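Notes to accompany the following structure.
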Amino acid sequence: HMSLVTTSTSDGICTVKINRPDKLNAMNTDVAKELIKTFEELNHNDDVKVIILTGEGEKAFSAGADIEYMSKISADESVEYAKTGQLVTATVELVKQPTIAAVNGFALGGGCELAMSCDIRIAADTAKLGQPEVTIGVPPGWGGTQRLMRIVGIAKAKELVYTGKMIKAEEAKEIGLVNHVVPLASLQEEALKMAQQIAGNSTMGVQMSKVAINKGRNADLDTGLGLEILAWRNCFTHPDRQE
Amino acid sequence: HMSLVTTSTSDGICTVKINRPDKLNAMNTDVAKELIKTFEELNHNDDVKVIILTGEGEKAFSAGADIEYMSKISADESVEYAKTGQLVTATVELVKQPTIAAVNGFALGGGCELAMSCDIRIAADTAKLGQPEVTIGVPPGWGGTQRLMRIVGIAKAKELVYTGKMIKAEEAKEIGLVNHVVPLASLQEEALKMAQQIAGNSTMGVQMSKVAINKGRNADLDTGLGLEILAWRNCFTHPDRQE
Amino acid sequence: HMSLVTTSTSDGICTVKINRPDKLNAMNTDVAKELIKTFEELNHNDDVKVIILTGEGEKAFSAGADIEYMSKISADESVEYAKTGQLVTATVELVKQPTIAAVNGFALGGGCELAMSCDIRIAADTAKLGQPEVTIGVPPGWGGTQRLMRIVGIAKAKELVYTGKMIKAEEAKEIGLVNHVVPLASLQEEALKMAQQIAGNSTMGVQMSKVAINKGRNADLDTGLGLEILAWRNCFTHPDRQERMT
């Protein structure tokens, strides 16, 4: 259902690949439940420095809009349907090590919506991003009603959700949907390139900033400063700074 | 000072025009209270499903910045002038149906503040968006110091208001003040074409998204995730989910 | 360790110049306290209208990330350094007068946080805008974590903080954390030209926009309209409402 490998200098980089290329890397309850335990529910081990995640099959990231169609059931279970979706993204969002997202082609419905849970998005030149959902009859509910608001601003947020169309990776880069663009033949080398750069830094300095940056976004500027200092001193209790 | 037309497919486009081609469709007390009558005090007819708006004459969308000032008396009377403008912008922002700001040229001051209340804004190559205000001697009162900050971000509203310049179309899309700078003239030919795509999808997938997106524009992410679930579940108890 | 040099049309334009070229205008506690105890007087001097803060010549703003690095106290006075660091970056932001940073070259570390605290920041293509804090263990303590996020976006704020790379300031214009671009002869012309573009407007209009922009961003829109209307009114009891609408 999935695959993962760990490899770097001193074994500090690991990748997670969604293994369903026969079904356009679609995500269901079975796959989404395994990804929750893959990241170990907000705390990984000691070995890894920074994680990478992407889709296997070279075609799409997770095109859960053309093949993923099963909701003909009672609306009561939609609460649990749109709660394991939030569970995986939040686990992706607040996992202890940073993750660099690597969009490989199409990402629609929830696959793109899962991509918004990460830190850095390295894009393939053949990507086709969007939030279709609405054309079926249901809005996004896997977390995306407040991600596009937080990444690309609100001006571009109300566009891709109301329409459900698709825009090019270049346009996605223009609005900030994907941070950087690399060619499709230079993805599984440049995705690590950022990670092979990210790993040779302080082991605690990176993840301490993650807490100080993923907790002040909900609060204001003033309260975040008090939150910021608690993580600033948390570094000074660890000898990575001293050497 | 208004007109209603519905010439379109799906019988649901209700673009609103300001019938003052002799004063650049400026804004005052007279027109402002009539906009509520058009938008029917946070309600609208069922037949209309999506909406756009523009300025009549293809010369100015709304130029209520410097040609139509009337505040030189009773600083205690200029609390209703802002509150009326607050009411008109809040009404247009949270309409039942989505909007498209089709700027046909000028949009400044209280006029651009009307364009800034839209969700999707498609611009014109001859646009002259800007917030002089401070040159007049006023700090923007109809959401100019809030709407502009939450749209183009915090770093590009501190120059538009401090200097009070008229930026052109090319530097308006450059930051996110307007989603698209598509033709000034095909704004009618393309926004209805854009709208017919918006209305080509399920309606409850559109307006229930508007409730979730608009409310969570300043709340925390987890609470915003609380907002979406009910709206997500609202789209599960309607005939617009199965068929 | 600095100079005022204030001139304009009916002189009201301030260009405060940090003076320490020997160590690339290093950002230590003395200069982290020198700028507070003059901008307060600048906060208390109503004649001056526009403020500019920068270096003095042609090299760089401030390299307080890898030049001066004093981290040895037993974690107890590091909180004071954070409290001192936060305070120095909270007075420039909330000073009475508009701040045009007009960054000049290397802004990494203390200079970068200080630059982003300003309202309007010009940036070069030769200028360096990046945070190398993480590579030496510490996060950006003076507000790097939550000032980078709000300005450009959380998606791009993490990348510069995590990698700790020195992106060329030309990318920063496309990135979005800086304002304008023009070739390197004279920052003293265009930065101070736009200062006249500010000095030529109402003195209290920007401030009632400044103390309404800096507050309504945090809370929800309905609360933000509070300061929004309580600041629009204040520019009306003042005579400047009835002298420029003529």
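Labels used: A, B, ... for chains in the order of the structure tokens, numbers from 1 for residues in each chain, and numbers from 1 for ligands as shown.
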
**OP:** Per DSSP on the backbone, filter range 41-241 of chain A down to the residues in alpha helix (DSSP H) and report them as an MDAnalysis selection string.
**Re:** chainID A and resid 78:93 111:115 148:151 157:163 169:175 190:198 203:213 221:236

**OP:** Up to 10 Å from chain C, what residues of chain B turn up? Count only C-alpha atoms and give them as an MDAnalysis selection string.
**Re:** chainID B and resid 66 69:79 82:83 86 90 132:150 152:159 161:165 174:175 215:219

Counting only C-alpha atoms, which residues of chain B fall within 8 Å of chain A, and what is the closest atom pair for each with its distance in Å at one decimal, ordered by chain and rising number, as a tab-separated table?
```
residue	atom	partner	partner_atom	distance
B:119	CA	A:158	CA	6.0
B:120	CA	A:159	CA	6.1
B:121	CA	A:155	CA	7.8
B:150	CA	A:154	CA	7.3
B:151	CA	A:155	CA	5.8
B:152	CA	A:153	CA	7.5
B:153	CA	A:153	CA	7.3
B:176	CA	A:155	CA	6.5
B:177	CA	A:155	CA	7.4
B:178	CA	A:155	CA	7.2
B:179	CA	A:155	CA	6.2
B:197	CA	A:163	CA	6.6
B:198	CA	A:163	CA	5.2
B:200	CA	A:135	CA	7.7
B:201	CA	A:135	CA	4.7
B:202	CA	A:137	CA	5.1
B:203	CA	A:137	CA	7.9
B:204	CA	A:137	CA	7.3
B:205	CA	A:139	CA	4.9
B:206	CA	A:162	CA	5.8
B:208	CA	A:139	CA	7.8
B:209	CA	A:139	CA	6.3
B:212	CA	A:145	CA	6.8
B:213	CA	A:145	CA	5.9
B:216	CA	A:146	CA	7.0
B:217	CA	A:149	CA	7.2
B:219	CA	A:218	CA	7.0
B:220	CA	A:218	CA	4.3
B:221	CA	A:218	CA	6.2
B:224	CA	A:146	CA	6.4
B:225	CA	A:143	CA	6.3
B:228	CA	A:141	CA	6.4
B:229	CA	A:141	CA	6.6
B:232	CA	A:141	CA	5.9
B:233	CA	A:78	CA	6.6
B:235	CA	A:138	CA	6.0
B:236	CA	A:75	CA	5.4
B:237	CA	A:75	CA	6.6
B:240	CA	A:137	CA	5.7
B:241	CA	A:137	CA	5.2
B:242	CA	A:72	CA	6.6
```

Original post:
Leaving out residue 115 in chain A and any residue of its chain fewer than 5 positions from it, which residues lie within 12 Å of it when counting only C-alpha atoms, given as a PyMOL selection string?
Top reply: (chain A and resi 52-55+61-63+88-90+92-93+99-104+106-110+120-123+129-131+142-144+147-148+151+177-179) or (chain C and resi 155)

**OP:** Identify which of the residues B:181, B:27, B:95, B:36 lies closest to residue 68 in chain B, counting only C-alpha atoms when measuring atom-to-atom distances.
**Re:**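 Of the candidates, the smallest distance to residue 68 in chain B is held by B:27.
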
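CA of residue 19 in chain C sits 15.0 Å away from CA of residue 103 in chain C.
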
**OP:** Mind checking which residues fall within 8 Å of range 3-9 of chain C, counting only C-alpha atoms, ignoring those fewer than 6 positions away in the same chain, and posting them as a list in words?
**Re:**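 Listed by chain and then number, they are residues 15, 16, 17, 18, 19, 48 and 196 of chain C.
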
**OP:** Please measure the separation of CA of residue 109 in chain C and CA of residue 154 in chain C, giving the value in Å to one decimal.
**Re:**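 Here the two named atoms are 18.7 Å from each other.
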
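The coordinates place CA of residue 137 in chain C at 18.2 Å from CA of residue 227 in chain A.
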
Subject >> range 42-45 of chain C environment, 8 Å, only C-alpha atoms, sequence neighbours closer than 6 positions dropped, as a list in words >> reply: residues 95, 96 and 97 of chain C

Deliver the residues from the most recent selection as a file, using N, CA, C and O atoms, as an mmCIF file, in the first residue's frame.
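Below is the file selection_18.cif, written as the result:
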```cif
data_model
loop_
_atom_site.group_PDB
_atom_site.id
_atom_site.type_symbol
_atom_site.label_atom_id
_atom_site.label_comp_id
_atom_site.auth_asym_id
_atom_site.auth_seq_id
_atom_site.Cartn_x
_atom_site.Cartn_y
_atom_site.Cartn_z
ATOM 1 N N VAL C 95 7.026 53.125 15.946
ATOM 2 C CA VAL C 95 7.391 54.532 16.036
ATOM 3 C C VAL C 95 6.329 55.372 15.333
ATOM 4 O O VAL C 95 5.613 54.895 14.442
ATOM 5 N N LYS C 96 6.210 56.635 15.753
ATOM 6 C CA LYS C 96 5.131 57.487 15.258
ATOM 7 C C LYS C 96 5.230 57.728 13.759
ATOM 8 O O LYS C 96 4.211 57.952 13.098
ATOM 9 N N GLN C 97 6.423 57.682 13.208
ATOM 10 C CA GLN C 97 6.615 58.115 11.836
ATOM 11 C C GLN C 97 6.809 56.923 10.906
ATOM 12 O O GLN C 97 7.299 55.871 11.326
#
```
